[PDB]
Q: 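First the structure, then my questions, so here it is.
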Protein chains: 2
Amino acid sequence: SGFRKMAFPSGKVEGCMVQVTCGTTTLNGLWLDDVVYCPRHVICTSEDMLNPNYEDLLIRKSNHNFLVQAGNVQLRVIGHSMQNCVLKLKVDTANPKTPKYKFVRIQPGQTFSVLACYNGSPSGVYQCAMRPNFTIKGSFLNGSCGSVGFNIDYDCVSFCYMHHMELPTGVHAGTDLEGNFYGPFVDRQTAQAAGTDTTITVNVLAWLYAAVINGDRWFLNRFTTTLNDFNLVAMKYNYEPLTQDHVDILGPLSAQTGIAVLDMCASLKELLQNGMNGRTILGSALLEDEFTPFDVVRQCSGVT
Amino acid sequence: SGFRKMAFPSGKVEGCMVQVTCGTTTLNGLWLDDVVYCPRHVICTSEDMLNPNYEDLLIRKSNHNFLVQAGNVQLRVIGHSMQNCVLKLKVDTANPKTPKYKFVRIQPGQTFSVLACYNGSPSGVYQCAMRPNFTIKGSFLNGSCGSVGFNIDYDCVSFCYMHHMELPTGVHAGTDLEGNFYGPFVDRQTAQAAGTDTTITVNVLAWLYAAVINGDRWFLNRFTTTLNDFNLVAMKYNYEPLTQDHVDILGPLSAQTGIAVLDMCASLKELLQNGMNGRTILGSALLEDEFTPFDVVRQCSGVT
Ligand SMILES: Cc1ccnc(N)c1NC(=O)Cc1cccc(Cl)c1
Ligand SMILES: Cc1ccnc(N)c1NC(=O)Cc1cccc(Cl)c1
């Protein structure tokens, strides 16, 4: 009973957080095996950020200029390299708390947990979604750079995000763990605008199925629709177009509730057209799009 | 930038979760030092729950009937006692991962993080608030009993909740770590109704201050009010009455924004009277009451 914006247990990632300082800049690093991953802008001063030439700036940095602190002890840096927008610091000690892990590049619409950190220490954990415009709506302040986004499948942590930047609109941009930015953003102090933040239709549908499973059924109507008719409505309301791939992954939710995906689409269509009329669904007065079909199944079945 | 329903990093609590089985009933236990805390209904069968006499049921249970498993290894039970609605199982080994901890009984309106668990394993973490009717709106399924609620102050974990029950309305009831239920609930399979779930006014005000800090200011009006005038409005909308104690703890937020508490109350008054008019505040279409003034300060300043 009940439905919450739930994050993965953060312990396995907490044991990986370290603090990386280079000159007078301090941010968070991720220590996995004998490597510490961190945003490359750790080598920059505030002046460098206007137009940094990271290859040129890195020439003036040696292994001893990278101070890595895990809790209260100092890691010895025996190597360094730049991979896209991340620095990889080879240390002389494997992280004893390194969990089983993978580096994955997620697609927009996918969700993940964020362990927000400052000076190598965790402050909190929350659930996020990679927006269709490749930004994330996080909760990050100066010093949160290097905080990571991840998913957990039983014992394996799949790292998918490393936080780098705050756009002038208060939305966040970052990279996968290979240092490639999500979206068109660059690690530079230059105004970069985000594209249309459309709503993740498949996720709103998954959340409507979760509401039905939990007893919120007022929005169920006597109607059905087609993918093409639905998508005309989705386009008008800046919702992502729904495909048969999306319908396929909503199948287990359709099977559990007995509500055909296209019938749920017709309920969503009427909600978009009429609004909630002062009503709520799962304690929300708007349509929630940061639960994937997988998140709904996991939460509703108790996967640990 | 940004504001999220953020939970405390769950790692320190994850290292405490064990699985407790008694007969054919399995639930979660909390292993701190050499004691395992769990709901006393672990000794009950489904038939016992109709009208259990826990003192009578416990006579037929010995130390060897309580199976405690931490990860994959078995803890030896050398003692057992009932304290209110919790069982305390003395084991022969101190939990090596026992963090610094305290047992605290929270007041309604206070928030905490929940590490939902099944069979001793964590599934996820989310932020909760003890409702004014002493229930919690969690996300729990059968087997989640024994999952705990907590707050963290630097290195000290303050355990405040242990989950026991699901009311017939899908809301949740439980105890502090001394086994005393929050509210009037009893650990019995008997219909027990909850009282009025009023809105936590001081928390909605704290959240309005967080919205102002993050740039959502449309709701700020040209008005002010008094505590007595505000409370007439709060009573009408089933909001908890606001006191000078509440005003005092909103002081740091008032000081940061330059918005007097009574001016923010007048903004809240107009929002209650007029609604949001299809607008949102911090990505929400309703007034959020599960952020305390302390949560807002912590999140907005980066306390780790
Ligand atoms: C101030 C803040 C708040 C939240 N999250 C953040 N990442 C930041 N920090 C920055 O954005 C600094 C920066 C400037 C230009 C390019 C890059 Cl890669 C990074
Ligand atoms: C089924 C479920 C879902 C979510 N949270 C739960 N705690 C439960 N389990 C129960 O409520 C079982 C129970 C029955 C009568 C008294 C007590 Cl103490 C406990």
Side-chain angles (χ1 to χ4, degrees), chain A residues 1-4 6 8-9 154 209-216 252-253 255-257 282-283 291 294-304, chain B residues 10 13-14 16-30 36-52 54 57 61 65-69 85-87 89 114-126 128 135-149 161-175 179 181-183 185-194:
Chain A
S1 47
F3 208 71
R4 280 284 180 176
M6 182 182 282
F8 286 101
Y154 175 55
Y209 277 114
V212 171
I213 293 163
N214 285 282
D216 269 333
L253 294 177
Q256 212 195 301
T257 65
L282 287 174
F291 296 97
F294 302 87
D295 297 345
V296 173
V297 169
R298 185 190 301 119
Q299 191 172 163
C300 293
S301 66
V303 175
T304 63
Chain B
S10 67
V13 180
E14 280 170 62
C16 302
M17 306 307 306
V18 300
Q19 168 198 89
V20 182
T21 302
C22 185
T24 71
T25 310
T26 290
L27 44 60
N28 307 285
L30 184 70
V36 177
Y37 302 84
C38 78
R40 67 178 182 176
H41 71 257
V42 68
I43 69 178
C44 301
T45 68
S46 249
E47 323 93 52
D48 292 329
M49 297 310 296
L50 310 181
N51 192 22
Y54 291 99
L57 296 172
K61 304 296 188 189
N65 294 130
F66 294 105
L67 309 171
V68 185
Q69 205 174 316
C85 305
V86 304
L87 295 191
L89 306 176
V114 168
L115 178 61
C117 291
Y118 296 87
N119 301 105
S121 305
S123 45
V125 60
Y126 55 87
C128 265
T135 75
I136 82 163
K137 288 189 189 134
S139 178
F140 292 119
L141 301 176
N142 181 261
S144 60
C145 314
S147 299
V148 302
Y161 181 79
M162 172 165 281
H163 182 54
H164 286 239
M165 202 164 66
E166 161 194 72
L167 296 190
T169 57
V171 305
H172 307 111
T175 72
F181 264 90
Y182 283 101
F185 311 106
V186 289
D187 44 4
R188 175 185 177 168
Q189 181 60 41
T190 205
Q192 300 173 52

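Hydrogens, waters and symmetry mates are skipped; everything else that's a heavy atom, side chains included, is used. Naming convention: chains lettered A, B, ... in sequence-line order (proteins, then strands); numbering from 1 in each chain.
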Q: I'd like to check B:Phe66 versus B:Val36 (side-chain heavy atoms, cut-off strictly below 4.5 Å). Are they in contact?
A: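 Heavy-atom side-chain distance check fails, nothing below 4.5 Å.
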
Q: Mind checking what makes side chain to side chain contact (heavy atoms under 4.5 Å, CB included) contact with B:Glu14, not counting sequence neighbours?
A: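 Result, side chain to side chain contact (heavy atoms under 4.5 Å, CB included) vs B:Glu14: A:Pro9, B:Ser10, B:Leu115, B:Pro122.
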
Q: Applying side chain to side chain contact (heavy atoms under 4.5 Å, CB included) between B:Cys145 and each of B:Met162, B:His41, B:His164, report the one that passes.
A: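 One option only clears the test, and that one is B:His41.
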
Q: Who passes side chain to side chain contact (heavy atoms under 4.5 Å, CB included) against B:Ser144, sequence neighbours left out?
A: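 In terms of side chain to side chain contact (heavy atoms under 4.5 Å, CB included), with neighbours along the sequence ignored, B:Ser144 is linked to B:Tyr118, B:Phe140, B:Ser147, B:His163.
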
Q: Looking only at non-hydrogen atoms, find the nearest pair between B:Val86 and B:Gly179 and report the distance.
A: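 Where B:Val86 meets B:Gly179 most closely, the heavy atoms are CG1-CA, 3.5 Å.
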
Q: Does any N or O in the side chain of B:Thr26 come within less than 3.5 Å of the main-chain N or O of B:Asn119, such that one atom is a donor and the other an acceptor?
A: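 Absent.
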
Q: Any idea which heavy atoms bring B:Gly146 and B:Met17 closest together, and the distance?
A: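 Minimum heavy-atom separation between B:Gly146 and B:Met17: O-CE, 3.9 Å.
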
Q: Output yes when a side-chain donor or acceptor of B:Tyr54 lies under 3.5 Å from a complementary backbone atom of B:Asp187, and no otherwise.
A: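 Judged by distance alone, yes, a pair lies under 3.5 Å.
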
Q: Could you tell me if the side chain of B:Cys128 sits less than 4.5 Å from the side chain of B:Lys137, heavy atoms only?
A: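 No, side chains not in contact.
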
Q: How long is the straight-line distance from CD of B:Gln192 back to OG1 of B:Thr169, given to the nearest 0.5 Å?
A: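 Reported to 0.5 Å precision, the distance equals 10.5 Å.
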
Q: Taking all non-hydrogen atoms of both residues, which atom of B:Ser139 and which atom of B:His172 are closest, and how far apart?
A: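 Nearest pair, atom of B:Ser139 first, then B:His172: N-CE1, 3.9 Å.
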
Q: Could you tell me whether the side chain of B:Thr25 and the main chain of B:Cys44 form a donor-acceptor pair under 3.5 Å?
A: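 A pair under 3.5 Å: yes.
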
Q: Has the side chain of A:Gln299 got a donor or acceptor atom that lies under 3.5 Å from a matching backbone atom of A:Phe3?
A: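 Not at all, since once roles are kept as given, no pair shorter than 3.5 Å links the two residues.
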
Q: Before you tell me yes or no, could you show the steps for B:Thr45 and B:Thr24 under side chain to side chain contact (heavy atoms under 4.5 Å, CB included), namely the whole-Å CA-CA distance, both residues' side-chain angles and the distance that decides it to 0.1 Å?
A: CA-CA 7 Å; B:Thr45 68; B:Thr24 71; 5.6 Å; no

Q: Would you please name every residue forming a side chain to side chain contact (heavy atoms under 4.5 Å, CB included) with B:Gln189, sequence neighbours left out?
A: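 Partners of B:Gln189 under the side chain to side chain contact (heavy atoms under 4.5 Å, CB included) test: B:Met49, B:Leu50.
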
Q: I'd like to know whether CZ of A:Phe294 has more than 12 heavy-atom contacts from other residues, nucleotides or ligands below 6.0 angstrom.
A: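 No.
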
Q: Determine, step by step, whether B:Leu87 and B:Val20 satisfy the side chain to side chain contact (heavy atoms under 4.5 Å, CB included) criterion, reporting the C-alpha distance in whole Å, the side-chain angles of both residues, the deciding distance to 0.1 Å, and the verdict.
A: CA-CA 11 Å; B:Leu87 295 191; B:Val20 182; over 6 Å; no

Q: Taking C-beta and beyond as the side chain, do A:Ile213 and A:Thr257 meet within less than 4.5 Å on heavy atoms?
A: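 In contact.
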
Q: So which heavy atom on B:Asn28 is nearest to which on B:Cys38, and how close?
A: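 Looking at all heavy atoms of both residues, the shortest contact is O-CB, 3.6 Å.
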
Q: Begin from the C-alpha positions of B:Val186 and B:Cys85 and carry the test side chain to side chain contact (heavy atoms under 4.5 Å, CB included) through to its verdict.
A: CA-CA 9 Å; B:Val186 289; B:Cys85 305; over 6 Å; no

Q: Would you name the heavy atoms of B:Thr135 and B:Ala194 that are closest together and state the gap between them?
A: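 Result for this residue pair: CG2-CB, 3.8 Å.
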
Q: Can you tell me how far apart CG (B:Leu27) and SG (B:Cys22) are? Round to the nearest 0.5 Å.
A: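 Spacing of CG (B:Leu27) from SG (B:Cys22) equals 9.0 Å.
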
Q: State the CE-OG distance between A:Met6 and B:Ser123, to the nearest 0.5 angstrom.
A: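 That separation rounds to 5.5 Å.
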
Q: Using 0.5 Å steps for rounding, measure from the OG1 atom of B:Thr190 to the CG atom of B:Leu167.
A: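 B:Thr190 atom OG1 to B:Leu167 atom CG measures 11.5 Å (nearest 0.5 Å).
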
Q: Which atom names give the shortest non-hydrogen contact between B:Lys61 and B:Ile43, and what distance separates them?
A: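 Nearest heavy atoms, B:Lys61 then B:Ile43: CE-O, 3.7 Å.
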
